[PDB]
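If you want the building blocks of each chain, they are given just below.
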Amino acid sequence: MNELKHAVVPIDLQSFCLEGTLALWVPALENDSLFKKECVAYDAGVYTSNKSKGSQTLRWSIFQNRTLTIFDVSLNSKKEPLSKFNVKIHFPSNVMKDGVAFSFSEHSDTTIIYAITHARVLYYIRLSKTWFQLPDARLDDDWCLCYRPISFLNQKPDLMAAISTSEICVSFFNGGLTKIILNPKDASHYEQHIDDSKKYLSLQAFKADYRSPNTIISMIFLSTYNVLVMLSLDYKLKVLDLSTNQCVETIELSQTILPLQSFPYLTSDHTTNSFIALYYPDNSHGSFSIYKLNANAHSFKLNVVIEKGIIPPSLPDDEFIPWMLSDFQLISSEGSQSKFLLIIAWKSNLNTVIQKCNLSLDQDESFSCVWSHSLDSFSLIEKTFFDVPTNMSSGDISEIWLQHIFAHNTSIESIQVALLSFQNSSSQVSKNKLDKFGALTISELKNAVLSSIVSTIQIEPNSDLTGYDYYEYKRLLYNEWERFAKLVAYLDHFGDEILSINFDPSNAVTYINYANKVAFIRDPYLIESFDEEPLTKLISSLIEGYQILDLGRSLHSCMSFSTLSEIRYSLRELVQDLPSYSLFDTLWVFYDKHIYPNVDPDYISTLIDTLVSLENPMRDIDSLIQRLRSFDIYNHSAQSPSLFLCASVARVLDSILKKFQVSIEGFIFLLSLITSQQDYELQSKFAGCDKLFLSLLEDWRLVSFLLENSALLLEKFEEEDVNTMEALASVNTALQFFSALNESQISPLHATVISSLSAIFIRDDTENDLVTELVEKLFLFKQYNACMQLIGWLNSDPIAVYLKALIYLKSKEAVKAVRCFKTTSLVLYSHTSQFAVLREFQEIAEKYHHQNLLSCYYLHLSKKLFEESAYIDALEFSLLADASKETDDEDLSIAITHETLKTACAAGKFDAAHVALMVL
Amino acid sequence: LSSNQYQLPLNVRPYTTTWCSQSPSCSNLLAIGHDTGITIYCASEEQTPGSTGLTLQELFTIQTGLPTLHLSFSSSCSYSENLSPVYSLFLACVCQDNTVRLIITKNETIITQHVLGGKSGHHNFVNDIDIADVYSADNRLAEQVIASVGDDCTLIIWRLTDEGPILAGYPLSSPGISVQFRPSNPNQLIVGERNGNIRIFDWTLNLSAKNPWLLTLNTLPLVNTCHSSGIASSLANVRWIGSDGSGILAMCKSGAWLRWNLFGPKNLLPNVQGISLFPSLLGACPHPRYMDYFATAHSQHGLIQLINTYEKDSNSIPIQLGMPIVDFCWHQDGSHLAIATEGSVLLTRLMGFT
């Protein structure tokens with residue numbers, strides 16, 4: 001089978017790309033009703049509900065004990081389908097112990113929702129799209145009207161189903177169907193109330209859990225105009241007309257051992273467009289089906305024609321692990337009836353399997369169905385990465401672990417819980433819980449974390465002579481953060497849970513609902529398929545080179561952690577400094593750094609034997625890897641939203657990390673090979689590979705540049721001056737890159753990542769380092785502080801230089817900024833390809849009616865030195881301008897002498913020859 | 001108060017200043033690192049008025065021909081007479097060419113110079129430097145040790161021994177912005193990375209043939225947060241305090257300061273914390289005699305706040321100039337202050353510390 005992959009969304013990163021979070025209450029009177037307990041029951045999601053309509057927009061709903069929640073995760077193209085905020089609706093009691101209480105339907109540019117509390121009431125809330133867009137706190141209307149249409153006391157509801165903005169249907173255990181009409185200050189109601197229960201035969205063996213053989217299991221709704229579909233407890237297929245409020249059609253499906261199987265929640269039926277499908281598990285066989293009915297509505301009466309038998313399952317669920325159908329949705333390609341695709345979610349406890357079935361038929365009564373598989377498992381990277389913190393590449397101890405929790409970047413409030421649970425010192429919850437709710441702000445969180453951690457681990461002295469035992473601080477800290485993060489993993493071995501799936505017409509994307517963790521479905525990328533090391537599977541799936549790739553991946557996995565630490569530090573040192581040396585001798589030097597790890601000469605020679613046996617390595621490697629470059633289209637963007645940027649951030653951290661893996665692999669091999677027998681290496685029987693080596697190292701610089709870049713979330717709205725420009729006005733990092741690189745027959749996400757990855761791959765064609773471009777633009781808006789270590793990293797280029805300058809300026813460490821300014825110049829002016837900084841120098845050049853070689857630049861630097869308010873360096877540079885002028889323009893010379901006059905006014909005085917002899 | 005101002009030559013643009021507190025025999029020596037060299041002054045008790053009973057006399061100018069950013073005297077500095085007198089100076093500094101130099105002089109005549117630069121030295125700009133003399137058990141001059149930290153994310157330990165030079169390079173998780181050996185214990189030193197890490201480090205741990213450098217504190221997460229220190233609170237300075245090196249004082253660019261103490265029992269937090277009125281781009285300059293006291297500067301507007309760690313301060317700003325302050329440092333006596341601005345050097349006496 002082919003595979004599938006997931007893309008997980010941390011709720012805190014949502015809360016990042018969502019500036020504010022507002023909380024609404026509703027009239028509450030009559031409503032019916034220790035640390036680890038409250039922590040477990042703190043968060044979950046009793047059910048999950050996601051809707052979207054034909055018009056425009058899209059949101060997701062999270063449920064909660066005594067609490068309702070909702071946020072904006074849409075991928076649209078409007079004026080403001082990007083500026084977002086999060087909504088918390090408080091309730092007198094929870095939204096039922098069961099899956100009910102959810103419904104969403106719209107009307108006109110608004111969202112209308114129908115709810116049910118634990119006991120016996122309805123809720124009707126109308127929320128404006130503008131309400132969603134605005135950061136504003138205020139509402140000026142009656143957003144909600146609670147009501148009890150029929151007596152829910154008599155017949156408790158087990159199923160709710162909207163049909164329109166005014167009307168909504170409810171289904172009871174007894175089997176009756178009520179319809180509820182609402183209106184401002186109005187409510188009129190309808191029914192098809194049915195009560196279903198010889199009497200001797202009902203005297204004995206009568207005792208059972210309450211049932212009613214006219215109950216309906218799950219209803220579904222499809223509008224051609226107004227049509228419903230129903231499955232009853234009699235297991236009859238009933239079809240419902242809204243106008244009539246009566247059963248238009250009935251079909252008898254005869255299975256006796258089928259109603260014997262009863263499931264909580266679960267959607268027994270769903271739909272594509274006009275047609276609809278559903279299926280029955282047939283119990284332990286786990287056969288299930290697809291009975292995609294075609295409903296041919298005729299003028300006399302709407303007609304029903306089911307057209308298909310049964311659809312087989314996959315068989316990985318076993319070991320008595322209860323497979324459970326969580327939800328499914330049916331979606332076909334509206335382009336042409338060539339294929340139909342069903343999305344299916346299975347869950348067993350916390351664990352989850354997800355799969356899609358694609359049926360390609362036309363005339364065949366046969367069954368042509370491609371299946372996809374997914375795997376959800378936990379691999380603990382914990383226990384071993386803990387021991388060695390000896391090198392200062394990432395020194396100390398604590399900071400590293402923190403960066404581990406940030407490296408995961410997939411679990412959220414579990415952390416908060418743990419933090420303010422460890423700080424208690426046998427303190428309670430009821431008050432400390434509110435203390436958990438209070439903090440909110442993320443940047444300070446980590447500070448509170450460390451402050452709490454150090455306040456818990458006593459440092460016992462060495463007792464030598466006023467000395468301390470760091471060697472105890474060792475185990476203490478390691479097992480501390482280990483136990484901590486183990487309680488963390490346990491708070492998402494209790495939390496990481498799935499419940500529903502909901503497809504969207506406007507976006508055509510494979511949505512997914514996990515408990516408190518939204519996610520996405522995507523096809524395997526090449527890198528993924530080759531990182532699975534499916535050597536045996538690839539075999540099971542002009543043919544050479546791949547075994548080297550897999551075995552090699554194993555070779556990389558052979559190395560230790562401190563090893564990769566040293567390696568990362570060394571390459572970090574190979575970003576800026578390496579081009580200074582003679583380029584192709586460092587090759588053997590890298591393997592000379594590779595002997596320090598284990599690297600048994602047995603393994604070495606074992607590989608060498610493979611190498612000498614190679615037919616023609618380079619001519620296959622360079623080409624077959626060159627074929628890996630993707631196809632980007634258009635690269636033009638509409639006004640992009642926020643789920644775009646953050647989700648792409650997470651998924652790209654995954655892909656980029658696997659890239660760093662595969663690349664590091666590649667190099668490590670390339671010099672583990674061409675080490676010994678140096679003379680034979682230079683014999684040129686092999687094609688040699690130094691050039692493509694260099695190219696690959698460019699690639700690595702970029703890849704690990706991003707790998708770093710997705711770790712600095714810095715933003716602020718001091719000035720708060722603010723489209724995609726408002727997308728930069730959102731907090732999370734790495735986004736700016738994705739917004740910078742945001743469709744004919746393909747989902748938007750995939751393509752808008754494709755353009756990016758393509759803009760990364762492309763080397764000489766762009767004629768520009770993507771790093772220089774990034775910091776060039778990103779500097780303008782925010783992140784002024786991060787681009788310090790970031791510019792200290794970036795490769796030396798004229799661009800990179802003037803940026804080094806302006807940044808070393810924003811930090812006002814004048815000196816080094818000034819050394820950068822001095823040691824370079826401009827041949828780049830009047831090119832305009834550089835963004836929003838060249839235009840200054842260019843306007844200045846044009847102000848002299850020409851294009852002077854140098855003096856103009858120096859002038860620009862004098863004015864800029866004014867912008868820094870530091871006047872003395874302007875005294876310096878205005879001179880250079882005044883001097884190196886090789887043009888002899890009147891206007892220009894006058895202007896320069898003038899600015900020199902101002903800088904002098906900043907520090908002049910009487911003494912003549914005392915401003916003639918002072919520079920640097 | 002009483003200030004005495006002494007003009008640097010008008011063509012001399014200052015970059016740093018420092019007292020020779022590291023050596024008692026030349027403690028009246030004041031150095032000015034400028035764009036062409038290093039200028040030496042001497043502090044002396046005139047009769048004056050007993051207000052600022054101390055004046056500066058310009059001794060001489062050592063030309064080097066290139067900018068001196070940072071400057072440090074060694075304990076090897078000495079004074080002699082032939083009756084005419086001769087000063088024997090040892091100066092560690094940083095030049096425009098990103099090199100780290102040790103210049104040894106007899107007065108204004110430069111007699112010896114060692115240079116550490118290029119690829120062997122720092123691979124970027126050098127931010128801070130400090131020097132210490134290490135003697136053997138027999139007590140001859142065994143080694144002169146110069147330590148430097150850089151924007152190449154590197155701490156470089158430089159040893160100048162009887163049998164020659166010993167170079168050592170070490171990585172940092174971020175640019176090194178400050179560095180200083182521990183008083184009364186040259187075996188240890190402290191390192192100041194940009195990101196807020198503070199390194200306690202034993203450089204004698206490896207000889208001939210297992211342990212890391214020693215300890216790491218951090219200020220960024222310890223910020224009191226009662227008043228947010230802002231988004232970017234870049235570490236500006238870290239300095240030892242006490243004559244036995246019994247304390248540590250850290251200062252951010254924001255003005256937030258923290259103190260730890262080093263002796264008894266077990267410890268769980270920074271001993272004290274606080275915040276300056278103004279940013280401290282230059283960091284703090286601890287008082288040589290009162291451990292509770294240090295000075296910080298609003299270098300752009302020309303003010304200097306004096307801070308007491310146990311809050312005896314209550315905001316004391318004894319110094320207010322009308323011009324930017326380029327650098328400063330405490331005279332050994334602890335009552336006088338030496339301050340270098342873009343064209344001058346002031347010696348000010350605060351009557352309260354005499």
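Residues numbered from 1 in each chain as written, not as in the entry; some residues may be left out. Chains lettered and ligands numbered in written order. Heavy atoms only, no water.

Header annotation of the entry names X-ray crystallography as the structure determination method and lists the resolution as 4.3390 Å.

Here a ring pair, both rings aromatic, is described through the centre-centre distance and the interplanar angle of the planes. Residue and element names in this part refer to chain A. Inspection of the entire model under this criterion finds 47 aromatic pairs over all chains. For the ring pair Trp401 and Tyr478, a centre distance of 6.3 Å and an interplane angle of 35° mean the geometry is tilted. One end of the pair, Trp401, is in helix α4 (residues 398-408); the other, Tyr478, is in helix α8 (residues 470-490), and 77 residues separate them in sequence. One exposure class covers both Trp401 and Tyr478, and it is buried. Between the aromatic rings of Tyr680 and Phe686, the centroid separation amounts to 5.9 Å while the plane-to-plane angle is 85°, which identifies the pairing as edge-to-face. (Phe/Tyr/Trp six-rings, centres within 6.5 Å; stacked < 30°, edge-to-face > 60°. Helix = DSSP H or I, 4+ residues; strand = E, 2+ residues; numbered from the N terminus. Buried < 20%, exposed > 50% of the residue type's maximum accessible area, 1.4 Å probe, protein only.)

Bringing the interface of chain A and chain B into the picture now. Taken together, the contact between chain A and chain B spans 54 residues of the former and 48 residues of the latter. Summed over both sides, the interface between chain A and chain B buries roughly 4900 Å², with carbon and sulfur atoms accounting for 53% of that surface. Between chain A and chain B we count four salt bridges in total. Between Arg13 of chain B and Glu876 of chain A there is a salt bridge, with its nearest N and O atoms 2.6 Å apart. The interface formed by chain A and chain B contains 15 residue pairs in polar contact. Of all the elements in the fold, those that place two or more residues in the side of chain A that touches chain B are α7 (442-454), α12 (561-572), α24 (798-810), α25 (814-822) and α28 (872-883) of chain A. (Contact = heavy atoms within 4.5 Å. Buried area = accessible area lost by both parts, 1.4 Å probe. Salt bridge = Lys/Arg side-chain N within 4 Å of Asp/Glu carboxyl O. Polar contact = N/O pair within 3.5 Å; in protein donor to acceptor, adjacent residues only side chain to side chain.)

Glancing now at the nonpolar core. Residues and elements named next belong to chain A. Ranked by internal contacts, the top residues of the largest apolar core, which has 95 residues, are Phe693 and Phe821. In terms of residue count, the dominant contributor to this core is helix α16 (residues 642-673) (twelve residues). Two domains each donate at least three residues to this core, and these are domain 1 (2-378 + 497-521) and domain 3 (825-920). Apart from the residues lying within four places of it in its own chain, the contact partners of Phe693 are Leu587, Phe590, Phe667, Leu670 and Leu671. Counting 38 residues, the second largest nonpolar core, distinct from the first, contains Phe91, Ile116, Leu127 and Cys144. (Core = buried A, V, L, I, M, F, W, Y, C linked by side-chain atoms within 4.5 Å. Domains from an automatic or database assignment.)

A word on the sheet that holds strand β14 (residues 186-192) of chain A. Residues and elements named next belong to chain A. Read across the sheet, four strands follow the order β11-β12-β13-β14 without closing on themselves; strand pairing throughout is antiparallel. Each edge of the sheet is formed by a strand with only one pairing partner; in this case those strands are β11 (157-162) and β14. On average, each strand axis in the sheet is inclined to that of its neighbour by 20°, with strand direction left out of account. With five bridges joining them, β11 and strand β12 (residues 167-172) adopt antiparallel strand pairing. If you follow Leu159 over to β12, its bridge partner there is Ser171. (Pairing = 2+ DSSP bridges. Axes fitted to C-alpha atoms, helices over the stretch in contact; angles between N-to-C directions.)

Residues and elements named next belong to chain A. For the structure shown, the criterion picks out 29 salt bridges over all chains. Note that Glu715 and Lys782 form a salt bridge whose closest N and O atoms lie 2.2 Å from each other. As far as burial versus exposure is concerned, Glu715 and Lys782 are alike and both buried. When salt bridges that share partners are traced, they join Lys810, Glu840, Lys864 and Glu867 into one network.

Attention shifts here to the sheet that holds strand β16 (residues 227-232) of chain A. Residues and elements named next belong to chain A. Across the sheet, four strands lie side by side as β15-β16-β17-β18; this open sheet has antiparallel pairing. Of all the strands in the sheet, just β15 (216-222) and β18 (246-252) have a single pairing partner and so form its edges. Looking at each pair of strands side by side, their axes are set apart by 20° on average, direction ignored. Alignment of strand β17 (residues 236-241) against β18, held across six bridges, turns out to be antiparallel. Bridged to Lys236 within β18 is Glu252.

Turning our eyes to something else, we now look at the pairing of strand β23 (residues 325-332) of chain A. Residue and element names in this part refer to chain A. In terms of residue burial, β23 counts as a mostly covered element, since seven of its eight residues are buried. Where β23 and strand β24 (residues 340-348) come together, seven bridges link them in antiparallel fashion. Among the inter-strand pairings, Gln329 is bridged to a residue of β24, identified as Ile343.

For the rest of this paragraph, the subject is the pairing of strand β15 (residues 176-182) of chain B. Residues and elements named next belong to chain B. Burial of β15 is extensive: seven of the seven residues sit out of reach of the surface. Relative to strand β16 (residues 185-193), β15 runs antiparallel, the two being bridged by six bridges. Paired with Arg182 across the two strands is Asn185, which belongs to β16. Where β15 folds back on β16, the antiparallel hairpin that results is connected by two residues, among which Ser184 adopts a positive phi of roughly 65°.

Below, the discussion takes up unusual backbone geometry. Residues and elements named next belong to chain A. Positive phi values are uncommon outside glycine, yet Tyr235 reaches one of about 65°. With respect to the secondary-structure elements, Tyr235 resides in the loop between β16 and β17. Relative accessible area serves as the criterion here: at 11%, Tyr235 is assigned to the buried category. Not every positive phi belongs to a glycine, and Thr466 is a case in point at roughly 55°. Tracing the chain through its elements places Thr466 in the loop between α7 and α8.

Our next topic: the environment of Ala817 of chain A. Residues and elements named next belong to chain A. By the element assignment, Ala817 lies in helix α25. By relative accessible area, which is 0% here, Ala817 ends up buried. Residues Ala817 and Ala845 lie 28 residues apart in sequence; the distance between their C-alpha atoms is 22 Å.

Two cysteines joined by a covalent bond between their sulfur atoms form a disulfide. Residue and element names in this part refer to chain B. Across all of its chains, the model carries zero disulfides over all chains by this definition. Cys42 takes part in no disulfide bond, and the closest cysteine sulfur to it belongs to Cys26, at a distance of 9.3 Å. Among the residues examined, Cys42 registers a relative accessible area of 17% and is labelled buried. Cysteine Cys77 shares no disulfide, and the gap to the nearest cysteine sulfur, in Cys20, comes to 4.4 Å. (Disulfide = S-S within 2.5 Å.)

What follows deals with helix α11 (residues 546-558) of chain A. All names here are of chain A. Its 13 residues place the ends of α11 18 Å apart at the C-alpha level, agreeing with the 18 Å of an ideal helix rising 1.5 Å per residue. Along α11, the residues that are buried comprise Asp550, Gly552 and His556. For α11, the buried positions fall inside an angular range of 160° around the axis, keeping them on one side. Those residues of α11 that are exposed and angled more than 90 degrees off the buried face are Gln547, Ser557 and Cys558. (Expected span 1.5 Å × (residues − 1). Arc of directions from axis to C-beta.)

Residue and element names in this part refer to chain A. Among all positions in helix α6 (residues 432-439), only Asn432, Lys433 and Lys436 are buried. One side of α6 holds all its buried residues, which, seen down the axis, span an arc of 115°. The exposed residues of α6 that point more than 90 degrees off its buried face are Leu434 and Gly438. Against α2 (35-40) and α5 (413-422) lie the buried residues of α6. Within two residues after α6, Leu440 carries a phi angle of roughly 60°, on the positive side.

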